[PDB]
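Note that the chains are named A, B, C, D, E and F in the order they appear, and that numbering of residues resets to 1 at the start of each chain.
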Amino acid sequence: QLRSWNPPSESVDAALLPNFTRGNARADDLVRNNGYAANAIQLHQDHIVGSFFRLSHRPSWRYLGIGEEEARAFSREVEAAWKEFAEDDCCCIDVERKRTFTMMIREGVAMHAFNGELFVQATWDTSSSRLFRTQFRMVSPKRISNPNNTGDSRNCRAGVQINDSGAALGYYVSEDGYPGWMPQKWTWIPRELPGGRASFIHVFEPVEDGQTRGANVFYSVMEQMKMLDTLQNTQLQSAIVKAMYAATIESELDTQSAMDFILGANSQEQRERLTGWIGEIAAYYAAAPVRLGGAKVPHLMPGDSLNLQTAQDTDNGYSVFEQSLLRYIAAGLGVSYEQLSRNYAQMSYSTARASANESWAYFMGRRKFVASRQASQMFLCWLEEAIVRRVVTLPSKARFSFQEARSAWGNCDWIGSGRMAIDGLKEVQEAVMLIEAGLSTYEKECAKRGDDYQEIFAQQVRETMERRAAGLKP
Amino acid sequence: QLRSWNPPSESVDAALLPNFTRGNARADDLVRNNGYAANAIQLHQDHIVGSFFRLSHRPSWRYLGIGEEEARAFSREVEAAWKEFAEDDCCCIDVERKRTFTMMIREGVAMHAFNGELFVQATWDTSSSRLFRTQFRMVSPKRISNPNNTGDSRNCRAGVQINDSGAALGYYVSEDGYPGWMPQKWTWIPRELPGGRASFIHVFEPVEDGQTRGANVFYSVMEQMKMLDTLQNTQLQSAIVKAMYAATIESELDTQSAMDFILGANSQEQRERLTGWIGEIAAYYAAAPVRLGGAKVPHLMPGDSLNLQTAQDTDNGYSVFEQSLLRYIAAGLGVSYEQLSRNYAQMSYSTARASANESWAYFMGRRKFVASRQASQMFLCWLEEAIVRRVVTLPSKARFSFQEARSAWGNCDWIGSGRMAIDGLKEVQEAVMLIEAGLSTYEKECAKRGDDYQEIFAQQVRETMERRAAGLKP
Amino acid sequence: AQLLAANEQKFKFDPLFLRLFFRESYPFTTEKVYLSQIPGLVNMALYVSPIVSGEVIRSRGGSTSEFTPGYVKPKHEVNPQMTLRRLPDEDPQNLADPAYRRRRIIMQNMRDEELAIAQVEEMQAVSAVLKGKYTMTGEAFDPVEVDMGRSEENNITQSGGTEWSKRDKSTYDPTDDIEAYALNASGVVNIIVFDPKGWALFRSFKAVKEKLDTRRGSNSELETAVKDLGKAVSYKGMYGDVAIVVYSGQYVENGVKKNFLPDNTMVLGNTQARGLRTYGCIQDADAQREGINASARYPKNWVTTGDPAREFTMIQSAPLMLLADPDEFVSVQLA
Amino acid sequence: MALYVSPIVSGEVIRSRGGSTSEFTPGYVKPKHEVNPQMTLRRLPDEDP
Amino acid sequence: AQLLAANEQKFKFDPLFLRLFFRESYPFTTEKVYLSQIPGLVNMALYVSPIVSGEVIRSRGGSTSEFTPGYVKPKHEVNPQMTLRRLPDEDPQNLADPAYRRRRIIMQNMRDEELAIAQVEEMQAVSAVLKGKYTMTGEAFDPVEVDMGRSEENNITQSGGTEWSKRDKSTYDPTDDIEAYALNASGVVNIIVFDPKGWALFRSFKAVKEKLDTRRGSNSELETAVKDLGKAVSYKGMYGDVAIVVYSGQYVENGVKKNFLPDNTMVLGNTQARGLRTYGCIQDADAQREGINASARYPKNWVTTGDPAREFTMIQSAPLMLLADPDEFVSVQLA
Amino acid sequence: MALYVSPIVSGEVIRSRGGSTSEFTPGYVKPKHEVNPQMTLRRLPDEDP
C-alpha cells in the first residue's frame, strides 16, 4: 500500500517541493470529496475570526514620547476611519469587487491553512466611490512557479527569485487558468517596496530554514481516504453476503463406477445417454415446477452444486480499530472528533471543560500566529494610504517620521471571535473575581469579553441616566 | 462503487462546473426523496431568521459628524417606515405578489444554502397600493447559463460575463421553464448600476478566487443514499429469510447402480419404468394427501431436494457501522443527528449545554455570514428609494452626500431568531451578572434578549404608572 | 422515456366485434388459455332433494384447454426529428418544444399501436366468426390452428344447389334461405350484416327492396353504434323483422390495402353471442414485478443506451379471443 | 410493418425507410391583390350599407 | 463514460487531399447530399440594363442531387486492462491510475478512430480523382456508384499507342505527353505527383533528369506541406515549370497492407480544384437533441449496462466527399 | 483499421489482433561493478579536489 504514496528520505522542503503538484492535487481531491476539511476550515474560521476581526491601534507612545491621551484620540480617529472604510456594503474593497474585509481574512486564512501560504497584493484601484484608492487582490498559489514552469534553479526556486542567502526578492506569477484554456505567462512581482511599503504580502509558516512553501493536508489524510474506502467496501460485502444462497439440485444417482463408465461412453460414442438424461431432467423440472419462493430455482440437472464454504468468522474488529484511529488522527490534525463528528460517548464534566479550554487556548495560538500577520500588513498599507491622504493627523511631536517608524506608529493588535461561552458559572466566577481584585485591565478585560471599555462606560452612563429619567433603578 | 460518481483532480471550480447539472440534479433528487434536507433547511431557517429578521439602522454618526441623537431619531423614523412597509398583509412586496419580506429571506437563504448563491433583482413595481415602487424578484439559478446554453468561454463563463480580472459585469438569464415547455432565451442583466444602485444582488460564498458558484449538498450525500439503500435491502433480505423453508420429498429408493441402470434404460428405450414410477408417486401423493400445514407440500417425487446451506452467520455489524457513520456525517454536514433524528442515548448535562452553545454560536456564524448580505442589500435599495421619495429626512450636516456614503448612511445590523432558551438557570445567572456589573450595553443586551431598550424602558414606565394607579406593586 | 401513466386515450372504437360479441375478457397470470379454467357456461339445471344438499359443482372441465395467445409486442420510435400532426393552429410554439412534440408524438405512436393490435384482432375475429378456425401463425413460430368447433351446417354454402345470382332478380325472395340458414344457428338472428357486393345481390331481388324498411324505427343501440363508427359499418335499415347492416372495413397491409371481408360471405347469429378474450402472460420485467402479468395491454417509453442509443415506445399484449359457441353463427358463402 | 424479434432479446433500430426519390420543388404560390377603397362591394341584402 | 469535450487532438494531418483539394465542407441536417441545394459554382456573368434590375438568381438547380453519404460509426473498448503506449518516462504512476490510463486510452482509441475514417476517406478521394467513380458500398448495404462525371479524355491511357516503357530511355521527352494530357484538363496543372514506379519510368528518360531542377526554389506552401507530412508525400523537386511529387501512402487492411495508389497512374490538374465534403445526418440521439445533426464528427464515451456491461468509445460521421469538376483532372494509366 | 458498420446498428468487439508468434526471451542483462573508494577518479579540471 506504500506503493501509491512515497516519502523520500531528505529535508522536508526538498522532500515536498518535487512532489508538490501531486500532494496538493490529492489534497484538493480529498477536501472536495470529503466533509472533514470543510468542517475543519469552518471551525477554524469561527474560532479565529468568528464574527469579525477588530483593529486596535496602539502607537508606541511611551517609546516615541507621544502622550497616551493623544495616542488614544488618534487611535479613535483611525478606528472610526477604518471601520467606516471596511463596512463598505458593495463588496468594493477588492479588485475582484466581490469580497469585503471579512472574506479577505476568510480566503487568506483558508489558503494559508491549506497550502500554508497566502498571497495578498496591494493594488491601486481607480474606483472613486471611496476616499482610499488602495485595494488588496489575493493571488493564487498556482501562479507561483518558475518562469514557464521550469524546474527549480540556483536562485529561481519554485517561482521565487532569491539570493544565495535566501532573501526573497520577487516572484513569477503565472497567468490565471480560468477558463481552463488560458495559457500561463509569468510576471515579475517584488515582495515589498524598498521604502517598507507592503506590496506583495507573502505570509507563510516555514517549518525550517530556506523553506518557501507551507504545510499540506493530504500527506496525512491518505489514510482516512483508504480507511473510509475499506470500511465502506467491507460493510457492502458483509451486507450482501449475510444471506447469499445457492439454489442448485442434486440427486442420488451417482453410481460411482457406473456413472463414470456412462460418462466415458458418452464422451466416446454414447452421447444419447446424456441427451436422454437431460431430456428426462428437463421433463422433471417442467412437470415438478421446481420453485423455491417467489422465484424459480436456477436450472441445475443433478450432480453439480456450488461449495460456498466460507473463510474465518471472527468479529471484524473494525469497531475498536476505527475508534482508536479516529481518536488517533483527531488529536493528530488537532480538532477533536468528539465534535468533528460529535460523539457523546461517556464524556464527563472535567472532560468537557478541560478539552474545551485547552482547545480554545490552542485556537488562540493559531489565531495569534496566522491572523496577526495579515492584519498588521493590511493595517500598515491602509495607514500609509491614510497618511498620504491626510485623513488622520499624526502627532506633532513625532520622535520618528511615519516612514521611519511605520512599525512603531502602525503598532496594532486585533480581536478575533466573540465572547466565549462554555459553562456560564466558570466565566461569571472568573469575572467576579477579576472585578473584585482588580486583576483585570481595560485591554485584557476587553480581550476576554469582546467589547470596549470606553463604550461600556459611555453606555453605562446612558443606562443610569435613562433609568433615572424614566424612573427605573440604575 | 466509485463508478457512478467521479471526482476529477483539479481546482474545485473547474472540478464542479463541468458536472454542475448532474450534481445539482441528484441534489434535487435527494432533497426531494429524503427528509434530512427538509429538516436541515427548517432548522437553519429557525436558527438564522427564526420568527423575523429585524433591521437596525446605525449611520456612522461619529465619522460623518452626525449627532448621535439625530442619528437615533432618524433611525426611529426609518425603522417605523421599514416595519410598516414590510408588514404588508397582501404579500405584495414581491413581483410574484406571493411573498413578504419573511419569505424573501426564506427563499434566499434556502437557495444560498442549496446552490451556494442567491439572485435578487430590484425591479420597479407599478402597483400604487404602497408608497414605494420598488419590489424585489428572486431569480432562479437555472437561468444563469451562457447565451443559448453554450459551454464556458474566455470571458462568458457559465452565464456570467466577466473581464480578464474576473470582475462580474453581467449575466445571461435564460427564460423560465415552467410550464415544462417554454424555450429558454438569454437576457442581459448587469450586476449593479454604476451609481452604486444594487440592481442584481448576487450573493454567493466563493471557496476560492475566480469561483462563480456556491457549495453543493449531494456531492457529500451520495453515501447516505447508498447506505440507506443497503441497510434497507439487507433488512428486507434478513426478514424474508429468517424462516424460508424448503418442502420437498425424498425417499429411500436410490439403489445406486440399480437406479443408474434404470435411468439409463429409460433414457435409451425403457421410459415405461419412469412413467410407472411417476404414476405410483402421483397415486402416493393423492392417497396420502401429503400436506404439511395450511398449505400443500409442493409436488416432489422422490430423489430431488434443494440444498439451502447458507453463508456465514456472524452479526452484520451494521449497528455500530451505522452509529459510527451517522455520528460521522452528522458533525460533517454540521447539525448533529442527536436532534436531526433525536437520539437520547447516554446524553448528559455537560453534553447538552456544551453541544447546544457551540452549535448555537456556529449558527450565529452562519447567520452573520449569509444573512447580513441580503439584509444590507435590500435595506440599501429601500433606503435609496426612501431618499428619492423624501420619506425620511437625511441630516442637514451631512459630511458626505447620500449617493457618496450609502455605505456610511445605510450602515445597518440585523437581529435573527428570538431569545435563546436552553437551561434557564444559565441565562438568568448570566443576566443577573451582566445587570449587576454593567458588563452589558444596550446594543448587545438587546442582541442577547431579542428586544429593544427604548421599548423596555417605555413599557417599564407604563408598568410602574399602571401599578401605582391601579394599586399594584411596581 | 416517459412514465407508464402517459397512456391516456379514451378512444375505444373497435368495429362492433370485440365490444359487442366478444366482451368476455380473461387476462391470465399464465401463458396459455385454459378453457377448463374458464367457467364459461355453468352446469345450470339440477337441484337437490328437500332433505339435504348435494355435491360440489366446479368449472366443468373444458375438454381442450391449451392454445397459444398471440403475444404481440410491437414498438416504434418517437424521435423528435419530425414535424408532427398539427391540429389547426393550436400554438405551434409548443410543437417547437421538444417536450410537447415528444409527448404528443408518443400519444400518436401509441394510438397507432393499439389500433394496430385492434385491426389484427379484428382479422382474428373475422376468421373466427367466418370459419371457426383461427391461424395462430407467424414467421419463426409454428402455425397453431385454434378451432372453436364450427359445425358443417354452420358452413353450408349458397352456391350449393341454386345460387341467388342464378335466380329470378324480381320474384325470388331470399328470406326463405334466411330462415333456412338461421334455423340451425342455435338462436335468433337479428343482424344480417353483409359484405358490400353480398348485400348488393341480396337487395337485387325486388322482394327484398319492398320488404325492407328504410326507416329508422330505432330498435336498439345499434343505431348509436353506427353513429359512433360511421366509418365502415353501414346501417342499411330495417328488413322488417331483422336489421340490415353492411361492413366494408379495410386493413392496410405491408404494401397494399384490402377489405377485411371476403368477396361474398355471411354469418347468421345473435348480437349477444358469447365471446372470450383470453389474454396470456405479458413478457416484460416491468409487468411482472408490478403485477401486470394479467392484464389487457402494456405501454412503455424507454431509452436504449449503447449501440441503438435511442428512445422508443413499446406496446405489449397477448390476445387469443375466440367464440364460446361456434355453432351460434352459420357461415355462408354467397352466390 | 411486419417483422418481430425472438423471445430472448430485441433487434435493431427501425427508421423512416429511406424513400428513393426525395427532391421535388413545391409550387410556391404567392399572389396578391389590392383592396383599394374605391369600389362598391358585394352588398349582402340590406345589412345597413 | 467521459464527457463530449474530452475530444481534443489538434492533429489534422490528412495527406493533402481533404485539406488542399477538398476543403469545401457541407455538413447537412438532412440525410443525403443534395447537389441542387449546394450553390457550387454560381451563375456568374449577366448584368442588367441601366434602367431597372432583373429577376432573382438562385442556386442553379444541380441535375443530380441524391447520393448516400458514408455514415461510418465505428467504436472500440478502452477497458483498463492493458498496459498502454508509455511515452518515455513521464511518471508511470499516473498510468497506474485507472483514471489517467482510461483518459489517455480514450485519447488513443479515438485518434485511431479519426485516422481510420481519414484513411477510408483518402481511399474515397483516390477513387474519386482517379476515375470519377466512387463505390458507396458495404455488406448489408446496396452499392451505389457516385459519379462526378469524369470524361473520356480524362481517362485516356498512356499504354494506348506508344508506351513510355516502349520508348527511348535516353532521348524521348515525356513532356510532350505532359501537355498532351494537360490541355484537356480544364485548367493548368502544377503538381505531377506520381506513384513510385510511375515516377520511376517517368524519370528513366534522360530529358526528364536534366530537365528537372532538384533545387528547392520554393514555389508555394507545398514544401511546408511535405515538411508536415514527411511520411508518404515526397517532394522530388522542380521539373522546371511544374512540381514533381510522389505519393507512396499505404492502407493496412483487415489482414494485410498495400499502397493506396495503383501500379502506374496519374491525375493532371490544379492544386486549387474544388472539392466538396458533403456530410449527412448523424444518427445519434445525443447528436439530434444537442444539434450535432449537421457537423463533421461526433465522439462519445459511454457505458452499457446489462449483457455487454462495459464501456466504449463511439465515433460517428457521414462523409460523401466528391470533386466539383471531374473534368479538372485527366486520369492516365501509365506504361 | 478499416471497417465500419451500417447506419442502423454497430458491429462486434475489436481486439488486439492476436499476433501469431508471441513468445521470445528478453535479454535480461544485469551487470554490476565495484565503487570501492581506493581509486583516484576522473577529476574534472580543478573543481576543488
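To be clear about the criterion, a residue touches a chain if its C-beta (ideal position, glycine included) is under 8 Å from a C-beta of that chain, and two chains touch if they have at least 3 such contacts.
By chain, UniProt protein names: A, B = Portal protein B; C, E = Major capsid protein.
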TODO: Any chance you could check whether C-F or D-E wins on number of contacting C-beta pairs?
DONE: D-E
Task: Chain with minimal offset from the mean of all protein Cα atoms - done: B
Task: Homomeric contact chain C-chain E: same or different residue positions, threshold half - done: different
Task: Geometric centre distance via CA averages, chain F-chain E, whole Å - done: 36
Open item on the list: Can you work out the whole-Å distance between the CA centroids of chain A and chain F?
Closed with: 43
Task: Mean-CA-position distance for chain C and chain B (Å) - done: 57
TODO: Check each residue of chain D and list the ones that touch at least two other chains.
DONE: 12-13, 15
Open item on the list: Going by the contact rule set out above, which residues of chain F touch chain D in the complex?
Closed with: 8-9
Open item on the list: Applying the document's contact rule, which stretches of chain C touch chain F when the two form their complex?
Closed with: 307-308
- [ ] Mind listing the chain E positions that touch chain F in their complex?
- [x] 70-77, 82, 112, 115-117, 119-120, 138-141, 251-254, 283, 314, 318
Task: Touch list for chain D against partner chain E, complex - done: 9, 15, 18, 21-23
Open item on the list: Under the stated contact criterion, what part of chain C meets chain E in this complex?
Closed with: 79-81, 98, 303, 305-306, 309-311
